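Chemist: Below you will find the structure I want to go over with you.
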Amino acid sequence: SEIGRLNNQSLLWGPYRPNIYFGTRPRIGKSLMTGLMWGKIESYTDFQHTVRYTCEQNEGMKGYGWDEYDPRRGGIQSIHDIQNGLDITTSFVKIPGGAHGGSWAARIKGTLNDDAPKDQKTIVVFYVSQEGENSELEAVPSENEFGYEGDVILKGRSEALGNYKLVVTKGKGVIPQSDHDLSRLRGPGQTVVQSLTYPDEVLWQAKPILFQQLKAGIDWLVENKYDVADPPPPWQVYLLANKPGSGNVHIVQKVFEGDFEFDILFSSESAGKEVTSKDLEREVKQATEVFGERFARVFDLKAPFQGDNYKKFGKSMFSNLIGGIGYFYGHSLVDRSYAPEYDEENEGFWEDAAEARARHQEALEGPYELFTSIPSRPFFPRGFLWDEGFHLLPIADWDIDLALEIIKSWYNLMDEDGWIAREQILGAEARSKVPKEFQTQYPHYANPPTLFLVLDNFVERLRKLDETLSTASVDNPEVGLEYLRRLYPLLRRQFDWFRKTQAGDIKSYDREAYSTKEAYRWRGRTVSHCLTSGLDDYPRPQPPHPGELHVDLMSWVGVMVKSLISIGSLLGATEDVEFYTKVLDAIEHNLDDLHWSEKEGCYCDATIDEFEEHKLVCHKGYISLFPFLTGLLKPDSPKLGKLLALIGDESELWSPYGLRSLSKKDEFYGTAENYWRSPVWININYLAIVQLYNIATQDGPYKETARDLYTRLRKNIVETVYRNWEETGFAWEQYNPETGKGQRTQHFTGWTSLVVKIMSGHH
Ligand SMILES: CS(=O)(=O)c1cc(NCc2cccc(CN3C[C@H](O)[C@@H](O)[C@H](O)[C@H]3CO)c2)cc(-c2cccnn2)c1
């Protein structure tokens, strides 16, 4: 209980809004949130097009991301904006104290790049909102008549936060001054504040809210005879009239000419000592020192990646991944019809499922919360169930207690049946990024249970102030065991849920196998996809068929059952462990009986013929490797040897840049959207690397073969990701096996960051 409380206090605040360039919120659904906007203004109409707020990636943005980050301490983010001619640094640091999750500060620094006009005007906005019934927030009025010559002080209070103050400092930089007549009524140019109220549920809509106020300011000009015969300067037309007061929205606006900086200082009243800019600077220097030391210990990069260039690469890949952590809160859109068409029992089921979807029975439910890392700030800034299992592998190395906290957050979503939606779109803010047709979640749709892999690592570590907190759950075995005790029933529920909802059919068909129970089919396939498997367009049996069996899914059930054996054992769940043991024995056999192709020398998904007979459908690629990737095969298995042959075969899967998702020899190589039909994906490559390492470091007939393949694939993968990062500044979603180029989405950190752990080695 005590470690839980300390963890809660430690993690409460952060820049937990990775969907935007920079903002903060605590891990509380309805509370205080901040966000930064900026944009150059060169004309009367450009600012609407230049202003930055939500993360994107296009020609106008060179790059951005965290140079260092630890959610307990803070970090530094750098932003390279071509359109606005600005290199920005946002430094964020947390200062523990008091009873309400402590205090924090940020420094915003903007430096014009070499190309920008030296006298560029940049508008900067700090937007502050607070949601909640019995909470207050008020901007202390200025002494000056038109705005603020110095700091802006917000004083607020809530049940969650107690009393606090939020200061936006005067800052450094030239403030442009207008000699226009308007300055008699609006002042010559100064910091301004507007305090406003809207219904709580729309406060997230900062850009429209800001622009509504800018437009009202412009309508006032038109009405008051400021016109094109003698127009005020653009930056003055777009400077809000000062009107501070009480409200649930506060817009703090500054205009700078040239380079600029200012601070944001959040002081929790219960902590006593109010935060200063000198504290900010001290705490930032200290967090950097601590980050450096921890990285060198946790991610000790091995040959041939010991050099400084690979260290900087690793720090960037890691910091972007952990820096992607967000807190999300709100309702989710779910189809709770459980329409019988979703059972997918007939041939042509995808048409029936489409029919049921077309009834649009889905509705909002919750509210829910989630604390999670994300695949991608600009494109996918929300929780994805199987991606998180990969995200947490490096995060757990860094801070096991944080990883366990995220696992716990995810499992807190699980419904009475054992279902967790594979994509977590929580609240209107999260929905704004997602086309409506893709928001609805389906209680029959699974996703790989990769979060079990993180639990496996934790279990292994358990068997063998911010410093203390990060490892408390391993350093105190009783703490770790109690965590497992509480989570175990939900893990079991999910296991049971997979067997209930994703069962395949042995008995209806001419199908002979060691066990009549162990067989699995992903629900939710369409003619060209199986999105729930995670390998969206990997070739599957055609047509889809209720008699399909998917070897990757059976393999995942294998993973779960092994974790449940280890955790059950730890908890003395004697009866459960007997049941799991029988299940694992059955899967080990059924993998062979239902999915092994002797002819092809690999595993295959299966289907049922036009003649109602079992048929293997082999498409050599990631799926073919699954029992190996998931660690299910014995080290001396002859099947494992044939799988190693395939892995190392340059004419099949082995490219100079990593393992191809699909064989060059497959009929579907490079076809259609070509998403999982050739490109190199880091998450699956990582699993291969780990399993090769396992074989390489044990006595057996394939030790040497595995050692060679491990060494080479490690090097190929790291170097591909490194070269692209050096050249483009990005982690990419996947890599071209012909050219080695990064392709598909950028800022994929994201499981591409698994590269840091591959470099550290020593699995
Ligand atoms: C030209 S495209 O056909 O290459 C292509 C395909 C897709 N698919 C839809 C889709 C939705 C959510 C997330 C992901 C990413 N990813 C897919 C992985 O396959 C999963 O395993 C993994 O969990 C999941 C999470 O990281 C993809 C999307 C885009 C896109 C969509 C919206 C905005 N921008 N771009 C482009």
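Order determines the names: the first chain of the structure tokens is A, the second B, and so forth; residues in each chain are numbered 1 upward, and ligands are numbered 1 upward as they are shown.
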With 6 Å as the cut-off and only C-alpha atoms and all ligand atoms counted, what is the closest atom pair between each nearby residue of chain A and ligand 1? Distances in Å to one decimal, ordered by chain and number, as CSV.
Modeler:
```
residue,atom,partner,partner_atom_place_in_ligand_line,distance
A:375,CA,ligand 1,26 (O),5.0
A:379,CA,ligand 1,33 (C),5.3
A:380,CA,ligand 1,13 (C),5.9
A:384,CA,ligand 1,23 (O),5.7
A:387,CA,ligand 1,23 (O),5.4
A:534,CA,ligand 1,21 (O),3.6
A:535,CA,ligand 1,19 (O),5.2
A:536,CA,ligand 1,19 (O),5.0
A:673,CA,ligand 1,3 (O),4.9
A:675,CA,ligand 1,4 (O),5.0
A:744,CA,ligand 1,4 (O),5.8
```
Chemist: Selection from above, N, CA, C and O atoms, as a tab-separated table (two decimals), in the first residue's frame, can you write it?
Modeler:
```tsv
chain	number	residue	atom	x	y	z
A	375	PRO	N	2.39	4.33	-29.93
A	375	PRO	CA	3.24	4.02	-31.08
A	375	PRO	C	3.78	5.30	-31.73
A	375	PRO	O	4.88	5.26	-32.26
A	379	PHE	N	0.68	10.37	-35.45
A	379	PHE	CA	-0.26	9.54	-36.18
A	379	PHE	C	-1.13	8.67	-35.26
A	379	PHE	O	-2.31	8.47	-35.54
A	380	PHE	N	-0.55	8.08	-34.21
A	380	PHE	CA	-1.28	7.10	-33.42
A	380	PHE	C	-1.15	7.40	-31.92
A	380	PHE	O	-0.60	6.59	-31.17
A	384	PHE	N	-2.33	1.03	-27.84
A	384	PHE	CA	-2.57	-0.14	-28.66
A	384	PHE	C	-2.06	-1.35	-27.89
A	384	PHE	O	-0.95	-1.31	-27.36
A	387	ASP	N	1.05	-3.43	-29.11
A	387	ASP	CA	2.24	-2.58	-29.18
A	387	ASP	C	2.78	-2.36	-27.76
A	387	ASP	O	3.99	-2.33	-27.56
A	534	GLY	N	-2.64	-8.28	-35.59
A	534	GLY	CA	-1.53	-7.33	-35.57
A	534	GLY	C	-0.77	-7.28	-36.91
A	534	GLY	O	-0.08	-6.28	-37.20
A	535	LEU	N	-0.88	-8.36	-37.72
A	535	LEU	CA	-0.16	-8.39	-38.99
A	535	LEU	C	-1.17	-8.15	-40.10
A	535	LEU	O	-1.58	-9.08	-40.80
A	536	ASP	N	-1.56	-6.87	-40.23
A	536	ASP	CA	-2.81	-6.47	-40.86
A	536	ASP	C	-3.09	-7.26	-42.13
A	536	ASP	O	-4.16	-7.83	-42.27
A	673	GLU	N	-1.31	-3.56	-50.42
A	673	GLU	CA	-0.82	-2.41	-49.67
A	673	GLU	C	0.60	-2.71	-49.19
A	673	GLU	O	1.26	-1.85	-48.64
A	675	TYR	N	1.95	-4.11	-46.61
A	675	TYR	CA	2.22	-3.60	-45.28
A	675	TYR	C	3.04	-4.63	-44.50
A	675	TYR	O	4.10	-4.31	-43.97
A	744	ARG	N	6.74	4.15	-44.45
A	744	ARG	CA	5.50	4.27	-43.68
A	744	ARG	C	5.73	5.37	-42.64
A	744	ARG	O	6.44	6.33	-42.93
```
Chemist: Find the spatial neighbours of segment 445-449 of chain A, counting only C-alpha atoms, within a cut-off of 7 Å - ignore same-chain residues fewer than 4 positions away - and output them as JSON, numbers by chain.
Modeler: {"A": [385, 386, 422, 523, 524, 532, 533, 534, 556]}
Chemist: Please, which residues of segment 162-390 of chain A, numbered as in this document, come out strand (DSSP E or B) from DSSP, as a PyMOL selection string?
Modeler: chain A and resi 162-168+172-174+191-196+243+246+249-268+326-334+363-372+376+380+383-384
Chemist: Residues at most 9 Å from residue 141 of chain A, counting only C-alpha atoms, excluding those fewer than 4 positions away in the same chain, as number ranges by chain?
Modeler: A: 147-148, 152-153, 193, 243-245
Chemist: Kindly save the residues from that selection, with C-alpha atoms included, as a PDB file, in the first residue's frame.
Modeler:
```
ATOM      1  CA  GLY A 147      -1.679  43.943 -19.914  1.00  0.00           C
ATOM      2  CA  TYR A 148       1.357  42.681 -18.012  1.00  0.00           C
ATOM      3  CA  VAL A 152       1.304  36.507 -14.925  1.00  0.00           C
ATOM      4  CA  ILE A 153       0.061  34.749 -11.784  1.00  0.00           C
ATOM      5  CA  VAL A 193      -4.463  37.358 -20.503  1.00  0.00           C
ATOM      6  CA  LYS A 243      -9.279  40.722 -19.736  1.00  0.00           C
ATOM      7  CA  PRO A 244      -8.016  38.579 -16.817  1.00  0.00           C
ATOM      8  CA  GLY A 245     -10.401  37.229 -14.201  1.00  0.00           C
TER       9      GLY A 245
END
```
Chemist: Contacts of segment 458-468 of chain A at 8 Å or less, counting only C-alpha atoms, minus same-chain residues fewer than 6 places along, as an NGL selection string?
Modeler: :A and (10 or 72-73 or 396 or 400 or 474 or 477 or 480 or 566-567)
Chemist: Given the choices A:485, A:589, A:763, A:614, which gets closest to residue 571 of chain A if the distance is worked out from only C-alpha atoms?
Modeler: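 Among A:485, A:589, A:763, A:614, it is A:485 that comes nearest to residue 571 of chain A.
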Chemist: Write out as a list in words each polymer residue whose atoms come within 8 Å of segment 544-548 of chain A, counting only C-alpha atoms; drop sequence neighbours fewer than 6 positions from it.
Modeler: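 Returned residues: residues 344, 345, 346, 347, 348, 349, 504, 505, 521, 525, 526, 527, 605, 606, 607 and 608 of chain A.
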Chemist: Per residue of segment 605-706 of chain A within 7 Å of segment 725-738 of chain A, record the nearest atom pair and its distance in Å to one decimal, counting only C-alpha atoms, with rows in chain order and ascending residue number, as a tab-separated table.
Modeler:
```
residue	atom	partner	partner_atom	distance
A:655	CA	A:737	CA	5.7
A:657	CA	A:737	CA	5.8
A:660	CA	A:737	CA	6.5
A:679	CA	A:736	CA	5.3
A:680	CA	A:735	CA	4.9
A:681	CA	A:734	CA	5.0
A:682	CA	A:734	CA	6.9
```
Chemist: Taking a cut-off of 9 Å and counting only C-alpha atoms, can you build a table that, for each residue of segment 251-292 of chain A near segment 74-89 of chain A, reports the nearest atom pair and how far apart they are in Å (one decimal), sorted by chain then residue number, as CSV?
Modeler:
```
residue,atom,partner,partner_atom,distance
A:259,CA,A:86,CA,8.7
A:284,CA,A:75,CA,7.5
A:287,CA,A:74,CA,6.9
A:288,CA,A:75,CA,7.5
A:291,CA,A:75,CA,8.8
```
Chemist: Between A:156, A:338, A:50, A:42, single out the one closest to residue 233 of chain A, counting only C-alpha atoms.
Modeler: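 Among A:156, A:338, A:50, A:42, it is A:42 that comes nearest to residue 233 of chain A.
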Chemist: Pick out the closest residue to residue 656 of chain A from this set: A:692, A:713, A:616, A:298. Count only C-alpha atoms.
Modeler: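 Looking at the shortest contact to residue 656 of chain A, the residue is A:713.
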Chemist: For atom CA of residue 493 of chain A and atom CA of residue 417 of chain A, determine how far apart the two atoms are, in Å to one decimal place.
Modeler: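 Interatomic distance here is 7.2 Å.
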Chemist: Find the nearest atom pair between each residue of segment 345-377 of chain A and segment 314-336 of chain A for residues within 9 Å, count only C-alpha atoms, give distances in Å to one decimal, sort rows by chain and ascending number, and present the table as a tab-separated table.
Modeler:
```
residue	atom	partner	partner_atom	distance
A:357	CA	A:335	CA	8.3
A:360	CA	A:335	CA	7.7
A:361	CA	A:335	CA	5.8
A:362	CA	A:335	CA	3.8
A:363	CA	A:333	CA	5.5
A:364	CA	A:333	CA	4.5
A:365	CA	A:331	CA	5.2
A:366	CA	A:331	CA	4.7
A:367	CA	A:331	CA	4.3
A:368	CA	A:330	CA	5.4
A:369	CA	A:329	CA	4.2
A:370	CA	A:328	CA	5.1
A:371	CA	A:327	CA	4.6
A:372	CA	A:325	CA	5.3
A:373	CA	A:325	CA	3.9
A:374	CA	A:324	CA	5.8
A:375	CA	A:324	CA	8.0
A:376	CA	A:324	CA	7.6
A:377	CA	A:324	CA	6.9
```
Chemist: Using the selection just defined, write its residues with C-alpha atoms as a compact mmCIF listing (two decimals), in the first residue's frame.
Modeler:
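The new file part.txt reads:
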```txt
# COMPACT_ATOMS: atom_id res chain seq x y z
CA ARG A 357 -22.03 -3.40 -38.02
CA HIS A 360 -24.84 0.91 -35.72
CA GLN A 361 -25.75 -0.23 -32.20
CA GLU A 362 -22.49 1.14 -30.79
CA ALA A 363 -22.68 3.73 -27.96
CA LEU A 364 -20.27 5.62 -25.67
CA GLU A 365 -19.41 4.01 -22.39
CA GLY A 366 -17.07 4.62 -19.47
CA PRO A 367 -15.54 6.96 -18.60
CA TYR A 368 -12.21 5.11 -18.60
CA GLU A 369 -8.63 6.21 -17.96
CA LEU A 370 -5.33 4.87 -19.28
CA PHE A 371 -1.73 5.59 -18.54
CA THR A 372 0.31 4.16 -21.43
CA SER A 373 3.10 4.78 -23.93
CA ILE A 374 2.01 5.13 -27.62
CA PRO A 375 3.24 4.02 -31.08
CA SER A 376 3.40 7.52 -32.57
CA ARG A 377 2.76 11.13 -31.47
```
Chemist: Which of these residues is nearest to residue 110 of chain A, using only C-alpha atoms: A:285, A:433, A:172, A:157?
Modeler: A:172
Chemist: Within 7 Å of residue 52 of chain A, counting only C-alpha atoms, which residues show up once you throw out same-chain ones fewer than 6 positions away? Write them as JSON, numbers by chain, please.
Modeler: {"A": [37, 38, 39]}
Chemist: With a distance cut-off of 6 Å and only C-alpha atoms, select the neighbouring residues of segment 643-654 of chain A, excluding the residue or stretch itself and same-chain residues fewer than 2 positions from it, and output the selection as an MDAnalysis selection string.
Modeler: chainID A and resid 640:641 659:660 663:664
Chemist: Let's see if you can do this: from backbone DSSP, list all helix (DSSP H, G or I) residues in segment 273-417 of chain A, as a PyMOL selection string.
Modeler: chain A and resi 277-298+308-322+340-343+349-357+385-398+400-411
Chemist: Nearest residue to residue 685 of chain A out of A:95, A:182, A:755, A:174, using only C-alpha atoms?
Modeler: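 The answer is A:755, which sits nearest to residue 685 of chain A.
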Chemist: Using only C-alpha atoms, can you tell me which of A:426, A:7, A:62, A:224 comes closest to residue 113 of chain A?
Modeler: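 Among A:426, A:7, A:62, A:224, it is A:62 that comes nearest to residue 113 of chain A.
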